[PDB]
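Here you get one chain, nothing else, as structure tokens; it is the form deposited in one PDB entry.
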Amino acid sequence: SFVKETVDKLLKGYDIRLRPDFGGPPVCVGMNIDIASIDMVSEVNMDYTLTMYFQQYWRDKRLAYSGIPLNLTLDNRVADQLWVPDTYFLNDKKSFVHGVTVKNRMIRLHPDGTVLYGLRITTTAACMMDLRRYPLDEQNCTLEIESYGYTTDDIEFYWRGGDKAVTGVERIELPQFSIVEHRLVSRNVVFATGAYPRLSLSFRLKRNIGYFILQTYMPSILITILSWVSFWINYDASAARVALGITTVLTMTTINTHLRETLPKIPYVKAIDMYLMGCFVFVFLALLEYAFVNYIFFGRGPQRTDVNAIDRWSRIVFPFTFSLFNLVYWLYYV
């Protein structure tokens, strides 16, 4: 009864087209975010999807009321009758506000004129990713918050709560990543026309290497080791060393082609391609080694170093070079 009179009085004569303090100091808009979840980190599309509770705080003297000590929570449809900041996300590709059962939006008024405006937004933000070190890569994805049509002479942005403005990051579980840290940046984009407010929220994602050890690196190492067994097989066993050598080449090809089908399509050379190619060369050279051994004994036999010396030399250089190749690879990318 009494609340109905006060609420109707506030909206009577309200001009949505005018910001608070239209001719005076810029309206200070504070923002804090609660990250509900993060998912769909796509290396192919170079973007990510996060759901969050985006809340904006500002003061409007036109909406101040007296005689009621309560904080009036109004129906979400009243937001269309009030002024709200023109906040948008610069790197957002596709975003929406959830509308079940009703539109996920809140308007809460305070007796001093403070307005709390909350939205539940699922946005897909573009993230430029450098995958030359994939899978041992660390990514930095941001979210840019800006005002579309207001300069710092009219609106100002700040993180409400300082470094605690963004909450819920520590509870995010990514199957392929781990959030090392997050940062909050509040800067003005100074241009010739004027300064524009901007808030930046950035996450540093570190890819987990455990998946690739079991599926990529260990299978490639064991197949490469098996190709060295032919060095201990007698050189006369032509049908055995060739069969052992050519099947490991086929096995390496099967591993390489399978990974190309299950991993994301990133058409440039990555750290995972160099290792697979290196292992493919080693099994290629192992089969080539016996061909040199076979040709020396048989091809240059009747015409007439030593046949057994090549195999004995290869029993040391091949295990040594592959370990040296791994040592260079793992130090360079870590």
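Heads up: residue numbers just count along the shown sequence, starting at 1.
One more form of this protein exists, namely the form deposited in another entry; it is left out here, but the text below deals with it.
Domain assignment check, rigid parts between the shown form and the other one, residue 238 and residue 203: Looking at the motion between the shown form and the other one, one finds that residue 238 and residue 203 are grouped in opposite rigid parts.
Shift in CA distance, residue 264 and residue 176, in the other entry relative to the form shown here, given it is 3 Å or more: The answer is farther, because the C-alphas of residue 264 and residue 176 separate from each other in the other entry by 3 Å or more.
Direction of C-alpha distance change in the other entry, residue 266 to residue 175 (at least 3 Å): Pair moves farther apart in the other entry.
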